[PDB]
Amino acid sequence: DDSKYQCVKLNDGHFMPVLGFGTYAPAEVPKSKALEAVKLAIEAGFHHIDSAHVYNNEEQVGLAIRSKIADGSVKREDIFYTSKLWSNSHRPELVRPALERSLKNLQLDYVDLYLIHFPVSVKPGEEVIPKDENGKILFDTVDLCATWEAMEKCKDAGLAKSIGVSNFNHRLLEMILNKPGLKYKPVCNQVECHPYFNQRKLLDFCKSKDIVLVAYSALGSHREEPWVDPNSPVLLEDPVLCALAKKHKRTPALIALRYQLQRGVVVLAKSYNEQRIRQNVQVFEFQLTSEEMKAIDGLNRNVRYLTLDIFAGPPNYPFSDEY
């Protein structure tokens, strides 16, 4: 039965599929691969697709989605598509224009979810990481509560079914939740999460407010230089994950994805390979015991692959606080 799939009810009443397809790939990888990969993901059973303006693939991702609706493989209501607002468009007057630009590239009428991508703001313009004459990034001073109000207007206009955040810490979440006149809470906080960085504290805070944590780099990340240090440990070579995989005749990736589902996290998984795409959907075919979950909880070791430390400095940089 393919018209049903596992989802979670968001705090605005909409439903989010619990397994999402990651679409980012390094610039070297031709865009024809993103188009094909999304088609393969939909074919395999993924109903949640994650992208962003800065991934430079929304034209291809949108074409894939539209092709799979037009060939009868899926209906628009059974696709949950996420886009993200880049940091050069945090000013409240620029939020709707950025969403409209994404929608025009996608050729879709609405996104299911629109997120604030990263909480540090940069100067507006066509450059996505604007830099001065000495190579210094041009930061901008924006009140994210004002940005949030503009996100709420996008939801009221129907351009985004749901709105949320990404890369927010405890303080930043509280700032939105305590905003005077708040209309809509964020439905989710999309952050790095895997057995080496399991986010227990931030996850519990999100649970206490009915905010869903959406895990990125759940398989150990793309490991793309300069974003990820090559000396960071390779998640999927972990001996505990590999031993659990061998016991169950599964793979370390499947163990890492199932861990997130059973702790109440919505998990993303990027793959541009036909067999790994099909493999990843097998997360719904087995369950982990409480002892196995505890063993995986024991791997926590403070390994953050994606620091985005070129944006460090401003008070909104999210990774200096404990959580």
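If you superpose the two forms and keep the largest set of C-alpha atoms that fall within 1.5 Å, you have the rigid core. Residue indices: 1-based, along the sequence shown.
- Displacement analysis by core superposition in 8 other deposited structures of this protein ranks 129 to 137 above the other of 129 to 137 and 236 to 244 in root-mean-square C-alpha distance from the shown form.
- As recorded in the PDB entry, 130 to 138 is the stretch of 196 to 204 and 130 to 138 with the greater mean C-alpha temperature factor.
- Comparing 228 to 236 with 185 to 193, the stretch with the higher mean C-alpha B-factor in the PDB entry is 228 to 236.
- When the C-alpha B-factors of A27, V266, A295, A269 are ranked from the entry, the top spot goes to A27.
- Listed residues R91, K249, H117, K161 were ranked by CA B-factor as deposited; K249 comes out on top.
- Among all modelled residues in this chain, the alpha-carbon of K123 has a temperature factor (C-alpha) in the highest third.
- Remark: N316 belongs to the middle third of its chain, ranked by C-alpha B-factor as recorded.
- For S51, the recorded CA B-factor ranks within the lowest third of the chain. Only modelled residues enter the ranking.
- In this PDB entry, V38 carries a Cα temperature factor that places it within the middle third of its chain's modelled residues.
- Sorting the modelled residues of the chain by their CA temperature factor places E149 in the middle third.
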